[PDB]
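Visitor: Residue numbers (PDB author numbering), protein chains in the order written: chain C, 392 to 439; chain D, 972 to 1020.
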Amino acid sequence: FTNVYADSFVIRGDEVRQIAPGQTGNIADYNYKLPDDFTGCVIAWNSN
Amino acid sequence: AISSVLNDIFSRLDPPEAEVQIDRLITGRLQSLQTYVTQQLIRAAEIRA
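Below you can see the structure in the form of structure tokens.
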């Protein structure tokens, strides 16, 4: 691939489902929008 | 499909899955247009003869 935009943040486990294409929620409305033509792979890691 | 009004199909569902029913309404209207052009063209050979 040409270039990667790595977006790293920490969030609670209640709002970890909303990081998805075509989703509405707390992060997905006004904080972080993800488009429908997205290509890549997101990962999750609990840090309790 | 679930509906025949296009914007109608859309104004309810999620665009990861709202885009898949509308292309079914494309090729449903396309294959009826394939039958209409073919029935005009066999009738084109009959009226030319």
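We treat Cβ as the ideally placed atom computed from N, Cα and C, and that holds for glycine.
(1) Could you tell me which chain D residues have their CB closer than 7 Å to the CB of C:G431, listed as they occur along the chain?
(2) I'd like to know if D:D979 contacts chain C, where contact means its C-beta is closer than 9 Å to some C-beta of that chain.
(3) Which two residues bound the contiguous alpha helix (DSSP H) that contains D:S982?
(4) Could you work out which residue in C:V395, C:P426, C:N394 is closest to C:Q409 when comparing CA atoms only?
(5) Under 9 Å between C-beta atoms, does C:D427 make it to chain D?
(6) Within its chain, find whatever has a CB closer than 8 Å to the CB of C:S438; leave out the 5 residues flanking it on each side and keep chain order.
(7) The alpha helix (DSSP H) that contains C:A419, what's its start and end?
(8) Taking C:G413 as the query, report the chain D residues whose CB atoms sit under 7 Å from its CB, ordered along the chain.
(9) To the nearest angstrom, how far is it from the Cα of D:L984 to the Cα of C:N417?
Guide: In short:
(1) Within chain D, no residue comes near C:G431; the closest Cβ sits about 16 Å away, beyond 7 Å.
(2) no
(3) First-last for D:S982: undefined, no H or E at that position.
(4) C:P426
(5) yes
(6) Apart from sequence neighbours up to five positions away, the residues of its chain that approach C:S438 with a beta-carbon distance below 8 Å are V401, ordered along the chain.
(7) 417-421
(8) Here the neighbours are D985, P986, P987.
(9) 20 Å
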